[PDB]
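To start, the structure under review is shown below, and the notes come after it.
All Cβ positions, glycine included, derive from the backbone under ideal geometry; neighbour counts span all protein chains shown. Every number in this text was worked out from the coordinates using simple rules, so none of it is lab data.
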Amino acid sequence: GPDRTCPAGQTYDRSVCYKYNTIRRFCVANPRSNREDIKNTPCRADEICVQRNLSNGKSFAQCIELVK
């Protein structure tokens, strides 16, 4: 039911950390100009971002709240 990831066989979805604080996720089916799922997590105040890129179109990033 819920829409997750980008269907249609194999797809490339990678995420990057903007400003080493904010998390941005980019998901594309393949054409990169038809159906894309983009998510944005506004992390910056007392929040840390961790990303892992396989350089193969597959990357996973997560935002974790960090406190003093």
Q.
Please list, in order along the range 51-68, the HN-Hα scalar couplings obtained from phi with the Karplus expression 6.51 cos²θ - 1.76 cosθ + 1.60 (θ = phi - 60°), rounded to whole Hz, x for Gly and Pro.
A. 10, 9, 10, 8, 6, 10, x, 10, 8, 10, 10, 9, 9, 10, 5, 10, 10, 4
Q: Return the distance in nm (one decimal) between the two label points of a simple spin-label model at residue 55 and residue 37, each offset 7 Å from Cα along Cα→Cβ.
A: 2.7 nm
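If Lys and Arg each add +1 and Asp and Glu each add -1, what is the summed charge of the other residues whose beta carbon sits under 9 Å from the beta carbon of residue 29?
Values: positive: 32, 35; negative: 36, 37.
Taking every Cβ under 9 Å from that of residue 29, the sum is 0.
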**Q.** Among 26, 43, 61 - extreme Cα towards positive end, dipole of the range 12-65, charges at beta-carbon
**A.** 26
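Based on other C-beta atoms within 10 Å, arrange 47, 65 from fewest to most. Please report the intermediate quantities before stating the final value.
Values: 47 16, 65 9.
Fewest-to-most Cβ neighbours within 10 Å comes out as 65, 47.
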Q) Using modelled backbone amide H atoms (1.01 Å from N, in-plane), which distant-in-sequence or interchain residues come within less than 5 Å of residue 11's amide H? A) none
Q. Residue 58: which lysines have alpha carbons under 21 Å from its alpha carbon, excluding same-chain residues fewer than 8 sequence positions away?
A. 19, 39
Q: Counting other Cβ atoms within 10 Å, keep those with at most 11, restrict to DSSP loop, and tell me which chymotrypsin sites (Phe, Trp or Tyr not before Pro) in the range 1-36 are left.
A: 20
Q) Taking amide H positions as placed 1.01 Å from N in the peptide plane, with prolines and chain starts having none, which residues 5 or more places from residue 61, or on another chain, fall under 5 Å of its amide H? A) 15, 52
**Q.** For residue 65, net neighbour charge (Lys/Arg +1, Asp/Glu -1) across residues whose Cβ lies under 12 Å away
**A.** 0
Q) For residue 49, what is the net charge nearby, where nearby means another residue's Cβ is under 15 Å from its Cβ and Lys, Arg count +1, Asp, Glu -1? A) +4
